[PDB]
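Each remark here refers to the structure printed beneath this line.
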Amino acid sequence: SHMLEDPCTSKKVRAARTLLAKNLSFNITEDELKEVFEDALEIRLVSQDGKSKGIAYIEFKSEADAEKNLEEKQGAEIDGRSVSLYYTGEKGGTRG
Numbered sequence: 001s002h003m004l005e006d007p008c009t010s011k012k013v014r015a016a017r018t019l020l021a022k023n024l025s026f027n028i029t030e031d032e033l034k035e036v037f038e039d040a041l042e043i044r045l046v047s048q049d050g051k052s053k054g055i056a057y058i059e060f061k062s063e064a065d066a067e068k069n070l071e072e073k074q075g076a077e078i079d080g081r082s083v084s085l086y087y088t089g090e091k092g093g094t095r096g
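Under the deposited numbering, the first residue of the sequence shown is numbered 1, with each subsequent residue one higher.
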C-alpha cells in the first residue's frame, strides 16, 4: 500500500493510454482500427443499442502510444470518413 506515488487507485490512469474511435463506418472494423493505430494493445467496437454506429474503443500500451497514434493519425481518412479519436484519460465523463 505504501507505493511510491499513486493515491488514485490507478483507475483513471489506465484510460490515459486508451481512446475511443468515432466517425468510423459500417464497413470499417477493429482490423482497420488495428491497421490505423498499429501501435495500441487492442481496439474495441461500439454501435447503437443494437446497430453499428461507427464507434470503437482503443487501448494503447501507454498514453504516448494512444496519444501519438490518436494524433499521428486522427481520422486516417478511411471508409470515405476519417476515424475520429476520442481519448478518455481526462476528458470523457459518465458517472457509473
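Each residue gets a CB set at the ideal place from its N, CA and C atoms; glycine is no exception.
- [ ] Throw me the rounded Cβ distance for the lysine 61 and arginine 17 pair, which I believe falls under 8 Å.
- [x] Residue 61 sits at position 61 when you count from the first residue of the sequence shown. Residue 17 sits at position 17 when you count from the first residue of the sequence shown. Correct: roughly 6 Å between the Cβ atoms.
Task: For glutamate 71 and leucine 85, the rounded distance between their alpha carbons - done: The residue given as residue 85 occupies position 85 in the sequence shown. The residue given as residue 71 occupies position 71 in the sequence shown. So the alpha carbons of these two residues sit roughly 8 Å apart.
- [ ] Out of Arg81, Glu63, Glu42 and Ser82, point me to the one whose CA is closest to residue 97's CA.
- [x] Residue coverage of the chain in this structure runs from 1 to 96, which leaves residue 97 outside it and unanswerable.
Open item on the list: Taking the straight line between their C-alpha atoms, what separation do you get for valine 46 and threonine 94?
Closed with: Reading the sequence shown from its first residue, position 46 is the one you call residue 46. Reading the sequence shown from its first residue, position 94 is the one you call residue 94. For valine 46 and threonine 94, the distance between alpha carbons rounds to 16 Å.
Task: Cβ separation of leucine 24 and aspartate 79, assumed to be a contact under 8 Å, to the nearest whole Å - done: To locate residue 24, count along the sequence shown from 1; it is residue 24. To locate residue 79, count along the sequence shown from 1; it is residue 79. 7 Å between Cβ atoms; contact.
TODO: Could you pull out every residue in the same chain whose Cβ sits closer than 8 Å to the Cβ of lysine 73, ignoring the five residues on either side in sequence?
DONE: Taking the sequence shown and counting its residues from 1, the one referred to as residue 73 is at position 73. Non-local C-beta neighbours of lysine 73 in its own chain, meaning closer than 8 Å and more than five positions away in sequence, comprise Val36, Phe37, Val83 and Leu85, ordered along the chain.
TODO: Taking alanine 40 as the reference, give the member of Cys8, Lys22 and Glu59 with the closest Cα.
DONE: To locate residue 40, count along the sequence shown from 1; it is residue 40. The shortest Cα separation from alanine 40 among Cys8, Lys22 and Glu59 belongs to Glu59.
Task: Separation of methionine 3 from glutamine 48, as counted between CA atoms - done: Working through the sequence shown from its first residue, we reach residue 48 at position 48. Working through the sequence shown from its first residue, we reach residue 3 at position 3. Taking the straight line from one Cα to the other gives about 41 Å.
- [ ] Ignoring anything shorter than 3 residues or poking outside the region 35 to 73, list the beta strand (DSSP E) runs there in chain order.
- [x] Entirely contained in the region 35 to 73, the beta strand (DSSP E) runs reaching 3 residues are, in chain order, 40 to 43, 46 to 48 and 51 to 60.
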